Amino acid sequence: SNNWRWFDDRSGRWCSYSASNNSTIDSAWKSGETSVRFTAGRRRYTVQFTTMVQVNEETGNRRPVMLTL
């Protein structure tokens with residue numbers, strides 16, 4: 001299992017997804033999908049692997065993601 005992070009523009013640092021959301025994201029990546037949907041606090045997000053951005057499905061807000069193999 002790789003480590004996925006999202007950039008928190010409030011602190012100005014990368015943050016680890018929960019073990020659970022990391023597992024969802026990384027399984028989609030390894031299975032060859034180009035994007036993956038997950039929920040956190042009842043809100044819906046898509047990680048776009050082609051742009052390496054997390055998109056909020058309600059507001060369209062974009063946060064950067066990164067992968068460490």
Side-chain angles (χ1 to χ4, degrees), residues 1-9 11-41 45-57 59-69:
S1 174
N2 311 308
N3 292 303
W4 289 80
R5 305 184 158 75
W6 61 278
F7 191 76
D8 187 352
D9 69 353
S11 64
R13 292 248 163 173
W14 291 111
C15 308
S16 276
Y17 282 100
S18 66
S20 183
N21 288 331
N22 188 69
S23 177
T24 296
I25 293 163
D26 199 47
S27 60
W29 163 262
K30 280 180 174 170
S31 78
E33 301 286 321
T34 60
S35 69
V36 57
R37 300 189 58 200
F38 77 85
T39 67
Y45 304 90
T46 300
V47 180
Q48 298 285 4
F49 298 130
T50 52
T51 57
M52 291 299 277
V53 166
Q54 174 190 284
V55 181
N56 182 317
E57 284 179 23
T59 71
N61 195 46
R62 299 172 75 76
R63 312 201 208 249
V65 308
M66 66 171 287
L67 169 54
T68 317
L69 291 184

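Sequence positions, counted from 1, serve as the residue numbers for this chain.
Judged by distance alone, the side chains of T46 and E57 do bring a donor and an acceptor atom under 3.5 Å apart.
A distance of 11.5 Å separates CH2 in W6 from CD1 in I25, rounded to the nearest 0.5 Å.
Between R62 and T51 the shortest side-chain heavy-atom distance falls below 4.5 Å. You'll find the side chain of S1 reaches within 4.5 Å of the side chain of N22, heavy atoms only.
When each of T24, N21, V36 is checked for a side chain to side chain contact (heavy atoms under 4.5 Å, CB included) with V47, only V36 meets the rule.
In plain terms, the two heavy atoms of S35 and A28 that are nearest each other are O-CB, 4.4 Å. Taking both residues in full, the closest heavy atoms of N2 and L67 are given as CB-CD1, 3.3 Å, listed atom of the first, atom of the second, then distance. In terms of heavy atoms, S16 sits closest to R5 at OG-NE, 3.7 Å. For the residue pair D8 and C15, the shortest heavy atom distance occurs at CB-SG, 3.7 Å.
Other residues, nucleotides and ligands place more than 12 heavy atoms under 6.0 Å from the CH2 atom of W14.
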(message) Assess the residue pair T34 and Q48 against the criterion (side chain to side chain contact (heavy atoms under 4.5 Å, CB included)); give the C-alpha distance rounded to whole Å, side-chain angles, the decisive distance to 0.1 Å, and a yes or no.
(response) CA-CA 6 Å; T34 60; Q48 298 285 4; 5.6 Å; no
(request) Could you give me the CA-CA distance, side-chain angles and deciding distance for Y17 and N3, then say whether side chain to side chain contact (heavy atoms under 4.5 Å, CB included) is met? (result) CA-CA 8 Å; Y17 282 100; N3 292 303; over 6 Å; no
(message) With side chain to side chain contact (heavy atoms under 4.5 Å, CB included) as the criterion, how do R63 and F7 come out once you've worked through the C-alpha distance, each side chain's angles and the decisive distance to 0.1 Å?
(response) CA-CA 6 Å; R63 312 201 208 249; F7 191 76; 5.9 Å; no
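Using modelled atom types, one side-chain atom of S31 and one backbone atom of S27 make a donor-acceptor pair closer than 3.5 Å.
Using bins of under 30°, 30° to 60° and over 60° for the plane-to-plane angle, the ring pair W4/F49 lands in the tilted bin.
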